[PDB]
Amino acid sequence: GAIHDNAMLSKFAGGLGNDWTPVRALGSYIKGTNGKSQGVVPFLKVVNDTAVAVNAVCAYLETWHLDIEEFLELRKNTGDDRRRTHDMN
Amino acid sequence: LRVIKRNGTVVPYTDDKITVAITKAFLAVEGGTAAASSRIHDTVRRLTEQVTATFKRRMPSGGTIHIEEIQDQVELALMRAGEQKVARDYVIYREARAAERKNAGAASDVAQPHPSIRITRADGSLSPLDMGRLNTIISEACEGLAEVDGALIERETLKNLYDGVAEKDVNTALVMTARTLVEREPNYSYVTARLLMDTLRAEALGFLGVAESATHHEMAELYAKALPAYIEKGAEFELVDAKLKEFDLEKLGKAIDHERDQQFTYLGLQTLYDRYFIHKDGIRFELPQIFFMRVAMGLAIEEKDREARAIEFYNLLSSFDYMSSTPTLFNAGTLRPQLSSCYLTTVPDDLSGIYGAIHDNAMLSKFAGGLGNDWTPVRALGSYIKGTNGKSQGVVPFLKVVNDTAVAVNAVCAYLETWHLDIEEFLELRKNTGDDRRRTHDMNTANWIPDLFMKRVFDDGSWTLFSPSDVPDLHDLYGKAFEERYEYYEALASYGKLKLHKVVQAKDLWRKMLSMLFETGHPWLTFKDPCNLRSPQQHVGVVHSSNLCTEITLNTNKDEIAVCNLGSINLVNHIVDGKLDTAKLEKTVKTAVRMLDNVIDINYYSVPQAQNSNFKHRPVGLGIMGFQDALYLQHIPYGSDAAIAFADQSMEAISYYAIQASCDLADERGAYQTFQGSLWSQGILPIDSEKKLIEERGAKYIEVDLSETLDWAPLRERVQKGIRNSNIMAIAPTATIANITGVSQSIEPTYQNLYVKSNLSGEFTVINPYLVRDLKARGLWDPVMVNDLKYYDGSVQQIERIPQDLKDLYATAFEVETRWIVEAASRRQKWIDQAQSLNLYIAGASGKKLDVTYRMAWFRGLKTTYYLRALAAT
Ligand SMILES: Nc1ncnc2c1ncn2[C@H]1C[C@H](O)[C@@H](COP(=O)(O)OP(=O)(O)OP(=O)(O)O)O1
Ligand SMILES: Nc1ncnc2c1ncn2[C@H]1C[C@H](O)[C@@H](COP(=O)(O)OP(=O)(O)OP(=O)(O)O)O1
Ligand SMILES: Nc1ncnc2c1ncn2[C@H]1C[C@H](O)[C@@H](COP(=O)(O)OP(=O)(O)OP(=O)(O)O)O1
Ligand SMILES: [Mg+2]
């Protein structure tokens with residue numbers, strides 16, 4: 001729903017700030033299945049592709065969040081692109 | 001240099017002893033006249049030299065070697081010199097004197113081996129190994145099986161045990177030396193599973209507090225005691241739906257047949273135990289027959305006669321006559337059960353609905369659901385966008401969002417119609433190289449091909465690409481209506497009254513489609529018009545695509561996400577003395593359809609438009625498996641007119657019973673809401689759908705057999721009065737459930753008669769059980785045959801000793817001509833109201849060969865094709 005909102009609010013060049021701190025981090029239990037969460041970054045990848053497709057978005061993460069170290073490196077020029085969001089602030 | 005004598009002592013290394021030994025052997029085969037011969041003496045000293053040299057070559061300053069190590073090198077020197085008569089008499093004499101030593105040693109033997117190993121208990125206490133119970137489980141395991149030797153297994157096991165073994169790894173030791181025997185006799189697979197069951201019984205029963213240990217025939221009375229204990233603990237831990245306590249567990253406890261545990265192959269039991277049996281704290285406390293009873297109960301929680309129907313469903317499942325789909329097996333009988341996990345959607349051409357479809361993809365995939373997405377309605381590159389006052393970049397940037405959602409939620413297949421202006425970019429989405437902004441490496445793709453495109457290929461005609469926003473009515477049209485409207489738009493663009501378009505040669509786009517299918521495996525080829533013209537639900541909707549696996553053809557719209565509710569008949573269990581058991585097949589189909597209809601009501605729905613479509617139309621998909629194995633039992637090679645005939649008639653029989661079963665549910669539950677107007681209402685059965693399809697497309701472009709072996713006129717009458725399900729049949733892949741039941745995959749030809757599983761300790765080869773059984777009848781099952789099969793990776797071709805009738809019957813997937821698989825699928829499709837997942841295997845691999853193949857698939861009235869498996873080696 002939040003990603004749907006991003007697309008709708010960006011439909012006419014709007015800018016967005018997204019708070020992603022509530023989304024649970026790598027290793028968290030998920031009662032949906034019986035597996036572990038891969039963190040916020042796989043969803044930020046969807047945010048990134050949405051900014052590209054609707055083209056402006058800045059994601060915020062609190063400093064105690066367990067995904068913070070991956071978050072800090074999302075704009076490095078080199079490395080695994082699955083751990084990068086080059087079109088998202 | 002010194003030598004270790006036969007018994008301990010050490011002596012200097014003396015060439016003379018070697019020279020004397022070899023000389024004795026020459027004088028034995030020749031006379032005494034050879035005593036003084038420069039030849040012998042020259043030869044012996046030459047052989048003695050290269051022997052003594054060999055020991056010097058491998059060692060530094062002296063050493064010690066065994067006496068037998070020298071005898072072997074003496075034989076080697078004689079043999080490499082071509083001294084056949086002297087070498088063999090040297091061997092013979094040497095063996096004669098080894099026999100006397102061996103015998104004399106056995107005469108002076110003393111016997112000590114005793115007492116027994118002490119088995120270590122979990123608590124830490126030692127206990128002597130029970131030899132009586134050990135003989136009981138291995139005998140009950142070899143029960144009813146041929147060419148299995150219980151004593152042989154007990155001896156080979158008893159070897160690899162040590163003082164202080166735990167009863168935990170004493171069973172695994174029995175299993176280890178039981179599956180090592182399947183290579184020479186497949187029936188040991190059953191023995192291996194029955195031995196492993198001993199650990200499961202102790203694990204489950206000990207957890208339930210029923211018993212700390214138990215044997216097989218002891219389950220005759222313990223399965224009834226364990227069931228109520230299982231349900232109570234299952235609901236306590238919220239692993240089993242509490243409604244199951246509303247059943248009469250005493251009555252269900254008696255219905256359990258403990259002998260059906262003997263049916264399991266090692267792979268089938270491993271599959272259930274690893275992933276399907278309910279567990280807590282890593283402990284599996286659900287036994288196999290109770291597993292089948294849970295699924296049966298879960299499917300009957302809303303029947304009027306809970307117990308009677310639960311027993312009917314349990315008997316069908318536990319016998320392997322039919323097997324529910326993977327999600328039903330996993331979730332039936334649990335809270336909020338996801339019994340179906342296959343869906344079809346259509347994406348609207350607006351941004352909110354696009355991202356509503358992305359949202360649905362995520363929710364439907366939250367529990368391993370598979371998805372087909374129709375992306376055709378979304379406007380293509382260059383289309384106008386009001387409000388933005390810009391131009392669209394087409395569907396691919398949105399498919400990238402889909403692709404990353406599939407990665408985020410942990411498959412989906414996107415469909416696009418062949419006139420869509422983004423089609424060319426679509427065909428390349430799965431290339432390994434190139435711009436990554438134009439790739440979706442985690443998403444499947446499929447072509448949604450109108451008949452008219454294939455017509456233009458056959459006729460070397462042209463083909464115009466449009467954006468759907470300029471032609472919004474085409475996607476929903478089909479058949480003649482589509483071709484008229486499409487040619488109208490085509491003429492418009494040629495007169496400059498439809499600016500956004502692209503004209504290509506149909507053959508050129510067709511070639512690109514086949515080269516991408518060959519190079520990347522995608523997009524798959526599916527045919528829009530047969531899916532729609534033969535759909536029973538044409539009066540209330542349109543089929544916009546197929547599903548992830550390309551066997552489902554259900555309507556979708558703004559308020560309808562189609563749901564695939566699936567199960568498969570086990571054809572093997574309906575082959576008797578070489579014939580199809582027509583009578584037993586009806587009983588299994590009748591119960592199968594009922595179970596599938598129940599799935600609709602019990603299934604817990606996450607998105608409301610999936611509930612809406614299932615409740616409105618009640619489609620099910622009853623398939624088949626074990627087809628290749630059923631051919632074996634009739635000794636029919638897959639590449640023959642006799643297999644094509646069996647595929648036609650077996651589907652016609654199942655179809656009759658499945659349709660007849662749906663009429664029985666309609667009498668008891670009422671027809672589905674939208675029955676009025678369906679093809680069923682018009683008396684147009686699948687066999688009649690084929691006839692109208694030929695009329696519509698024209699005989700110039702389609703030819704399919706129309707033969708019939710049953711009388712359909714009486715059933716064509718009762719159907720018009722009402723049936724319970726809009727769709728009945730679909731042949732889906734059966735990876736897991738075929739392994740559970742121990743049969744071949746759906747309609748697949750055997751991929752290889754031999755495979756080498758290697759995932760624990762060593763590697764264990766598994767050989768087609770039907771092949772070995774036939775080779776026994778011929779007397780051709782022996783060690784050399786096994787060594788030849790490994791060398792040829794299971795191919796019985798080009799091994800001389802196997803007669804030609806078996807070379808044909810056990811031809812593998814890549815050595816059966818593709819035309820047999822297509823023609824067989826063509827005749828099955830005459831009776832199926834949906835479609836069938838059809839993998840194609842092509843050796844030789846040429847664009848020419850792909851052309852003739854997929855032209856034939858279309859020409860023969862197929863609705864879908866699936867994976868292409870191509871080899872360019874031949
Ligand atoms: N001194 C040695 N150095 C190397 N090889 C030897 C030596 N003595 C014997 N051999 C080898 C050569 C022959 O293959 C074999 C000799 O057989 P043989 O003369 O019967 O001796 P042996 O070890 O069997 O004792 P025995 O006199 O009872 O036969 O062993
Ligand atoms: N009559 C013969 N025919 C063929 N080979 C012979 C004959 N006599 C001797 N040899 C060969 C093979 C023997 O290894 C060796 C003779 O040594 P010999 O001691 O008699 O046998 P052996 O060492 O194998 O057994 P053992 O010593 O225990 O009786 O030379
Ligand atoms: N900002 C955008 N970026 C990318 N694609 C867009 C954007 N806005 C719209 N589109 C695409 C998505 C759809 O395929 C198509 C229609 O968009 P949509 O939001 O439905 O407008 P609309 O339906 O209200 O008006 P209309 O369809 O009459 O132009 O345009
Ligand atoms: Mg000797």
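Letters A, B, ... mirror the listed sequences (proteins, then strands); counts begin at 1. Heavy-atom basis, side chains included; hydrogens, waters and symmetry copies ignored.
The closest donor-acceptor contact from the side chain of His4(A) to the backbone of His359(B) lies at 3.5 Å or more, if one exists at all.
The local environment of CG in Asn55(A) is sparse, with at most 12 non-hydrogen atoms from other residues, nucleotides or ligands closer than 6.0 Å. Other residues, nucleotides and ligands place no more than 12 heavy atoms under 6.0 Å from the CZ atom of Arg83(A). The number of heavy atoms from other shown groups lying within 6.0 Å of OH (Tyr29(A)) is above 12. Applying the 6.0 Å contact sphere to NZ of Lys233(B) captures more than 12 heavy atoms from other residues, nucleotides or ligands. Counted within 6.0 Å of CG on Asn389(B), heavy atoms from surrounding residues, nucleotides or ligands total 12 or fewer; the atom is thus considered open. At most 12 non-hydrogen atoms from other residues, nucleotides or ligands lie less than 6.0 angstrom from CZ of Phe330(B).
Note that the OH atom of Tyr355(B) and the OG1 atom of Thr50(A) stand 3.0 Å from one another [nearest 0.5 Å].
In this structure, the portions of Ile3(A) lying under 4.5 Å from any heavy atom of chain B include both its backbone and its side chain.
Using a 4.5 Å heavy-atom cut-off against chain A, the contacting residues of residues 393-402 of chain B are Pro397(B), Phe398(B), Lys400(B), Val401(B).
Scanning both residues, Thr388(B) and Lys11(A), for their nearest heavy atoms gives OG1-O, 3.8 Å.
Note on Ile385(B), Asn403(B), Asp436(B), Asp404(B): by heavy-atom pairs under 4.5 Å with chain A, the leading option is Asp404(B).
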